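In: PDB entry and its sequence, pasted below:
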Amino acid sequence: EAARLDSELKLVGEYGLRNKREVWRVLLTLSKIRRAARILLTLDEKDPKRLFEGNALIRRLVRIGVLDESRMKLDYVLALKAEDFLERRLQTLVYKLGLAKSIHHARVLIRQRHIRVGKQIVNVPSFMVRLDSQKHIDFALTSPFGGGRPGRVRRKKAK
Amino acid sequence: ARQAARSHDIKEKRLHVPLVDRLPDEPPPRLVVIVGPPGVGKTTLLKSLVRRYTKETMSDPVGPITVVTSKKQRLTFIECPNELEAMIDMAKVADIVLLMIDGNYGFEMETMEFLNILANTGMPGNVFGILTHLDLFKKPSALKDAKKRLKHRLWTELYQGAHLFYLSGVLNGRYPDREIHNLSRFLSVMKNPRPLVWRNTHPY
Amino acid sequence: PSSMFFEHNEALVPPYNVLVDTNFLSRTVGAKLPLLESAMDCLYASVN
Amino acid sequence: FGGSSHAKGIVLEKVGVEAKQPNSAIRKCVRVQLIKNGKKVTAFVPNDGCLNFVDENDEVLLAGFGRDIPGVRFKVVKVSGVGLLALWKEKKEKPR
Amino acid sequence: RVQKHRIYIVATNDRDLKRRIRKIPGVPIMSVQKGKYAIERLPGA
Amino acid sequence: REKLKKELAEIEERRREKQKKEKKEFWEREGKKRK
Amino acid sequence: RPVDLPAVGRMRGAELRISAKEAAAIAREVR
RNA sequence: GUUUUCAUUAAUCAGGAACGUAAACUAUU
RNA sequence: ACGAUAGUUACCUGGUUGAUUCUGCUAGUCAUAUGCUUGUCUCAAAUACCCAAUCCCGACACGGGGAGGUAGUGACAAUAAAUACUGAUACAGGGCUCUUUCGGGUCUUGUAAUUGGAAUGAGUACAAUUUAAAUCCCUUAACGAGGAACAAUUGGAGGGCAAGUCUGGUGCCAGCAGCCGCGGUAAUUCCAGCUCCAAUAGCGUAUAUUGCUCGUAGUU
Ligand SMILES: Nc1nc2c(ncn2[C@@H]2O[C@H](COP(=O)(O)OP(=O)(O)OP(=O)(O)O)[C@@H](O)[C@H]2O)c(=O)[nH]1
Ligand SMILES: [Mg+2]
């Protein structure tokens, strides 16, 4: 349908994704989380199952940084979306932190091993960066934007 | 129901055109060609196969070599020389084909030429890819990469899922005995040749 | 209208506004089916 | 046919080999004889230049034709173990 | 209402109104299909 | 405009084909009812 | 069709006949 | 109708039993 | 108390038929066969190497073990994701859209243009390490990108073409189509790489599909 095609094209364009399999992957994990939230809303308030399982779900989503720290209700967990998940991806986080000029530049950098998340370099652009780990995204020490060797085209030109 | 569907699909797979056999009760020796580019070791495989079968160390084996391999059937090995006239002469003759590929160097035009000459003239039953010069390798990751790419190109060439043997070394000037023993396990037990129309009408 | 990207309505995000017709309402009472609970179980989101 | 999805056949005679216009369906249709049952049915080669690979007395796999002669039900899929579109695209040579 | 504002999900079951609201871009159609509901043209679900 | 009119004529041909198919299916069902 | 008619068994007048499978089908759904 | 008696005797039909020239316009309401 | 002293204080109108306007004109299979394609990483449905670990048997620390562990294949699935990123200048004036179409809507878009930067993993690979000995992994010096390549595929829809060919007929039209044209194959540089849609290391096809009454066993 044209609505599905235009929606998936807006996702693939707005966040520099490769195909629609990544969109369907995110929509599947989002539907799993939202199904768990609906099943926890089935029960009444102050049931211990709903209390502890909903607190676990909300603390998990706030810790992985999707759900905002302001709103912490299970209705907002139902109101979650795939734009929030693709915003929590690593590639858009490199683009928004400004190490790269565009989202396709960010995917290129993460593929050819320039950025690192915390200590180790990250080869995958779909790395779900958590909220505590959002700040420690920077260029690695072996990268010419970080330091070390001046690099490849630089070496061929400076010879 | 699905068992009936798979049974019907296999019952349609078993079918062919009803051609005439024309094989005698005391059949002649089946003809094994050893085809390949120059320098690949066809004569070396000939020496090694005849030592496996009849235990005779031939210092210079030429011509067709007939060999008893079973109580019912027997073989004959002919090594095709590196000339196209002999290759086109024997492609209409061959009963089973031992098609040699030169390992690290990859495929050659003589190998592809004989494959499509054989396919255009008449396809026999059994063609076995034999991949040699594997010992001229230094990295055993490049070795399995070359085996995989040569297997897939040969499968595109003749048919999917063929037999591709890997003959590694040259110990006593001959070949390794275990490798040629499983090669002869494959070319010893045999099935009747394919009913080709040219061989079933004309006497050669 | 704003929030329309080529037949993709970006205005509909949960809580979903759902208009109900009489045919849908008569058949969802006829099929022994609770209205808001089945709409929430269909959309996995809070409907009004 | 039968209970299977594809049937095998022998190409008896390419009917309509002397038709005038190039992509006529009478030019494309081929009378084959199914092996399992024995009946002679007609099948479409998918293309007029692709007709040249279908020779007489060749084992031919054929499937249904699901969409100028409306009612010819089968189409030739493989000829002598090689896919007919691959022969047409010049990927494979035909083993004869 | 839907032509003016277009924020709604129309829940119907008659094919006349369904074909009438399929012409306009970007409204989902919810219809009961004998076990549960079924949403037609919503991309996020 | 001429490209749009060509595609509109193709759509109307498909509409006439489906109309004939539905008409024959309906009258094939009714002709058994009046028999 | 009437909306008010329940979905388990057939209704004749004021008498509602439930076949033995249908009361078993509800007991299967509970378990 | 009675200013009449036994108080479930009853309801339904597998099996079975008695009676035997035509067609052609059509808990209440 | 003023108000129908025979509630007839009722019934006396049950709504034919037509015109116009607005609506309406399939998708999954842990399901089999088959076709095309396949560079990287983990992973696994299906005649290889050794007792090195754990274990066992003996005159016995050494000798001997078909349990066990190591490796190889694999698009049946499943997992991650390469095939490029970013500027400047020059030139053109159109690009796009639709309900309503010889009509309306919107304002920056291109180009087989000219140049410049960097980034580099596939692969090649000295080693060291891993290990029974090897491999993989982790470390790792050195090379390793300009398209005519380090060469993305599978399907579907559509346009344009001859001193060519075929068919129909009250001239020049129409249809099917067209690798086939005068020459020319070391000749040609042409739509120079036609346009659009879908999935994209996956994708398609086929089929299956989803006469009446009494009366007993019995029943209430
Ligand atoms: N390392 C290595 N050497 C090989 C292998 N096979 C053959 N050779 C050598 O390559 C040489 C080629 O000899 P042949 O095999 O007689 O060549 P041929 O093509 O069979 O004979 P001609 O057709 O007459 O050249 C021999 O000297 C072999 O020792 C192999 O698998 N590995
Ligand atoms: Mg020789």
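Out: That came through fine. Numbering: from 1, shown residues only, chains lettered A, B, ... in the order given. Ligands and ions are numbered 1, 2, ... in the order given.

In: how about the secondary structure of the closest residue to chain C within chain D?
Out: The minimum distance from chain D to chain C, using CB to the nearest CB, falls at residue D:67 (29.3 Å). Any C-beta I mention is one placed from the backbone N, CA and C, and that applies to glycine too. Per DSSP: H, G, I helix; E, B strand; the rest coil, the secondary structure class of residue D:67 is coil.

In: just the strands in chain G please.
Out: G:10-12, G:15-17 (DSSP state E).

In: okay if I get the ones you listed as a markdown table plus mean neighbour count?
Out: As requested, these are exported to a markdown table (neighbours: other CB atoms under 10 Å in any protein chain shown):
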| stretch | mean neighbour count |
| --- | --- |
| strand G:10-12 | 11 |
| strand G:15-17 | 10 |
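
In: ok, which of those strands comes nearest chain E?
Out: strand G:10-12 (18.4 Å).

In: picking up where we left off before, ok, the residue of chain D closest to chain C to residue D:7 distance?
Out: Relative to residue D:7, residue D:67 is positioned 19 Å away (CB to CB, to the nearest Å).

In: so those two - more neighbours on which side?
Out: Regarding residue D:67 and residue D:7, a neighbour count based on other CB atoms under 10 Å in any protein chain shown identifies residue D:7 as having more, with 24 against 4.

In: so the more buried one bridges to which residues?
Out: Beta-bridge pairing for residue D:7 (DSSP bridges): residue D:62.

In: what sits against it?
Out: Contact analysis of residue D:7 by CB atoms under 8 Å, 6 or more residues apart in numbering or on different chains lists B:12, D:1, D:34-36, D:61-62, D:74.

In: same question, residue B:50
Out: B:56, B:58, B:61, B:65, B:67, B:77.

In: which of these count as buried?
Out: B:61, B:65, B:67, B:77 (16 or more other CB atoms under 10 Å in any protein chain shown).

In: just the closest residue of chain C to RNA strand I, please.
Out: Per CB to the nearest atom of the strand, residue C:6 is where chain C lies closest to RNA strand I, at 8.7 Å.

In: and the nearest residue to that residue once chain neighbours are set aside, how far is that from residue B:131?
Out: Distance criterion CB to CB, 6 or more residues apart in numbering or on different chains; nearest residue to residue C:6, sequence neighbours excluded, is residue A:6 at 4.4 Å. Distance of residue A:6 to residue B:131, given as CB to CB: 52 Å.

In: how about residue D:90?
Out: 27 Å.

In: the two - which one has more neighbours?
Out: Taking neighbours as other CB under 10 Å, residue D:90 and residue B:131 compare with residue B:131 leading, 22 against 7.

In: report the beta-bridge partners for that one.
Out: residue B:101, residue B:166.

In: now do the same contact list for it.
Out: By CB under 8 Å, 6+ apart, the contact set of residue B:131 is B:100-101, B:103, B:147, B:150, B:164-167.

In: tell me which of the residues you listed is nearest to residue B:118?
Out: Among these, residue B:100 lies closest to residue B:118 (CB to CB), at 13.8 Å.

In: my guess is that closest one meets residue B:41, correct?
Out: Yes. Using CB atoms under 8 Å, residue B:100 is in contact with residue B:41, at 7.2 Å.

In: overlap in contacts, the two.
Out: residue B:132.

In: which one of these two has more residues nearby?
Out: Counted by other CB under 10 Å, residue B:100 and residue B:41 do not tie: residue B:100 has more neighbours, with 25 against 19.

In: nearest residue to that one in space, ignoring adjacent ones along the chain?
Out: Per CB to CB, 6+ apart, closest to residue B:100 is residue B:36, 3.1 Å.

In: so the residue lying farthest from the centre of chain E versus residue B:94, what's the distance?
Out: Farthest-out residue of chain E from its mean C-alpha position, per CA atoms, centre = their mean: residue E:35, at 17.9 Å. Residue E:35 sits 65 Å away from residue B:94, going by CB to CB.

In: could you do residue B:65 as well?
Out: 15 Å.

In: then residue B:119?
Out: From residue B:119 to residue B:94 the distance is 12 Å (CB to CB).

In: which ones among the contacts of residue D:7 are found in strands?
Out: D:34, D:61-62, D:74.

In: which one is residue A:110 nearest to, not counting chain neighbours?
Out: residue A:125 (4.4 Å).

In: any idea how many residues pack against that neighbour?
Out: 23.

In: need phi/psi at it.
Out: The phi/psi pair for residue A:125 (degrees, to the nearest 10) reads phi -80, psi -10.

In: that one reaches residue A:93, doesn't it?
Out: No. Residue A:125 is not in contact with residue A:93 according to CB under 8 Å; the separation is 9.9 Å.

In: list the buried ones in the helix or strand containing residue A:85?
Out: Counting by DSSP states H and E, the element that carries residue A:85 is helix A:82-88. Buried residues in helix A:82-88, defined by neighbour count with 16+ other CB under 10 Å: A:82-86, A:88.

In: and chain E, is that helix touching that?
Out: Yes. Helix A:82-88 lies within reach of chain E by CB under 8 Å from any CB of the partner chain, at residue A:82.

In: can that helix be said to contact chain C?
Out: No. Contact of helix A:82-88 with chain C (CB under 8 Å from any CB) is absent, the minimum separation being 9.3 Å.

In: for that helix, name the packing helices and strands.
Out: helix A:2-14, helix A:21-42 (3 or more CB pairs under 8 Å, 6 or more residues apart in numbering or on different chains; DSSP states H and E).

In: longest helix anywhere in chain B?
Out: helix B:140-157 (DSSP state H).

In: how many other residues sit next to the residue lying closest to residue A:43 once chain neighbours are set aside?
Out: Counting by CB to CB, 6+ apart, residue A:43 lies nearest to residue A:50, which is 4.3 Å off, once chain neighbours are set aside. Neighbourhood size, residue A:50 [other CB under 10 Å]: 17.

In: the residue nearest to residue C:6 and residue C:12: what is the separation?
Out: Taken as CB to CB, the span from residue A:6 to residue C:12 is 14 Å.

In: now do residue A:113
Out: Separation of residue A:113 from residue C:12 (CB to CB): 41 Å.

In: the more surrounded of these two?
Out: Neighbour count, other CB under 10 Å: between residue A:113 and residue C:12, residue C:12 has more, with 21 against 13.

In: ok, now which ones touch that one?
Out: E:7-9, E:28, E:42.

In: now with 7 Å?
Out: E:7, E:9 (CB atoms under 7 Å, 6 or more residues apart in numbering or on different chains).

In: how far away is it from residue A:41?
Out: Counting by CB to CB, the gap from residue C:12 to residue A:41 is 20 Å.

In: over to residue B:136?
Out: 69 Å.

In: more neighbours: which of these two?
Out: More neighbours surround residue A:41 than the other of residue B:136 and residue A:41, with 18 against 11 (other CB under 10 Å).
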